[PDB]
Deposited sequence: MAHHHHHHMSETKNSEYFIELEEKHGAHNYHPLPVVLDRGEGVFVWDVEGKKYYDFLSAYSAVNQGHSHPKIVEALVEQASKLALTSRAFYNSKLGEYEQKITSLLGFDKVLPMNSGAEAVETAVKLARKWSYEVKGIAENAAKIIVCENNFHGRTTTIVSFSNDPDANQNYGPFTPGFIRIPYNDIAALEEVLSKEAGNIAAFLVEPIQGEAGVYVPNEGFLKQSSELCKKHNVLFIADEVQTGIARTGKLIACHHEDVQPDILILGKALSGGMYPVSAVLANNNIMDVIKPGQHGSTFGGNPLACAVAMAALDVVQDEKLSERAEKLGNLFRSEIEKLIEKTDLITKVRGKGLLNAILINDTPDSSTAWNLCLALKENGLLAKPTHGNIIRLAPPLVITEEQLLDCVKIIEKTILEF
């Protein structure tokens, strides 16, 4: 009785209708594979939007969660817990920063990074306490701003922000040359993943970072999606020889086992933070820390950055060959195993969705974004043989469509 349709109908009846998932009901995951309720096996080519970099149900991450959950999971920050210090030392040493501020969700970490940058710009740089601006390339704070109303009780422009095009050095230099004195930070993703996969021009991140330093503006690398080996380096900034002033991590920081996010910065920035303001009950809890330490160890011990780099090159090379055989795919873009294909149809068309249904029938799970883009992002633990099998599945699906 309790088949896939049974669960879908439960959610229709009792759950808000705020999502449109691909119609598959998953109940087990192991490594690169997931199984639906009827027992069919699939390659996961979404990795829960690049949170499951270490594979589903990684034995080391499971083990860390189970160990810590039976000891102590939450004290709040009213007290110290014995795991947070160990984790803080680990991650700051690993990435080369003095300090980390732990949070739960990606949005919390981005919000916290911006608040930290504004406070720095007041305490150190000298901008008035409501006058600092943040340069952004996308709507990083969707749902929490007033443009015309914000939902947080405690051309169109968003006060406090300057929006410029992504991958546009001239636009950044124009803003900095004219009003860098008003600017606390530039907040940018090394690859934009919201509307697909937008890889910027070679050199964009490094030039942006250098321009920010020249103009006394913090460079904030939002690596919630790009971080933790996905692009072929521990963080995508490393591809560009950038060390950001503030680093934002999330998603795969926990392998997807627990919502863990982080903001890293050196003392000259982080020490503007003082006790007092209203904070997070769960941020930095010992269960989160035990999970994140294990998730980082998997990435380093299994050399997942090198694996994502090598297999990503192979993947894009093979997909480029497929593109030459079909009129259905316009281009493939990405870094490491963060890749996506643009389908040769309009964003209002059903083609990419139907291609994802066909991929599913052939044993590979992906979902469109913005109508005509398909993200292709498996866990980084995929083997070369499995990767080439996935290429064969994609080839078969495309060539038979």
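Stretches of the deposited sequence lacking C-alpha coordinates, numbered from 1: 1-11, 160-161, 168-172.
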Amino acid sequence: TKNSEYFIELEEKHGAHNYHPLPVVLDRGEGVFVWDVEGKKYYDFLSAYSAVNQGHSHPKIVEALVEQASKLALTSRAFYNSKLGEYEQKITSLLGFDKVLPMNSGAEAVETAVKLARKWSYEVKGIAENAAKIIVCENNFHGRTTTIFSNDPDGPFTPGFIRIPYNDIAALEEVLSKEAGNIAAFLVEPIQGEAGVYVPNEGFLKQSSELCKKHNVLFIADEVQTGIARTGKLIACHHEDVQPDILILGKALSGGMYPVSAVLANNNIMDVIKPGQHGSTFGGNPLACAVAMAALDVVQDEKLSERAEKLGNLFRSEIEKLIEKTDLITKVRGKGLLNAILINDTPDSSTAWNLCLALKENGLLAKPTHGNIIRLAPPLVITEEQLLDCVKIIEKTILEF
From here on, numbers count along this sequence of modelled residues.
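The question of which stretch, 221-229 or 121-129, has the higher mean Cα B factor is settled in favour of 121-129. Higher mean CA B-factor, judged across 52-60 and 348-356 from the recorded values: 348-356. Per the PDB entry, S177 shows the highest C-alpha temperature factor of the residues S261, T92, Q243, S177. Residue set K214, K310, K99, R77: peak C-alpha B-factor at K214 (per PDB entry). In the deposited entry, the Cα temperature factor of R163 sits in the top third of values across the chain's modelled residues. Ranked within its chain, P368 lands in the middle third, by CA B factor from the PDB record. Annotation for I343: CA B-factor lies in the middle third of the chain's modelled residues.
Among all modelled residues in its chain, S47 ranks in the lowest third by Cα B-factor. Among the modelled residues of the chain, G256 sits in the lowest third by CA temperature factor in this PDB entry.
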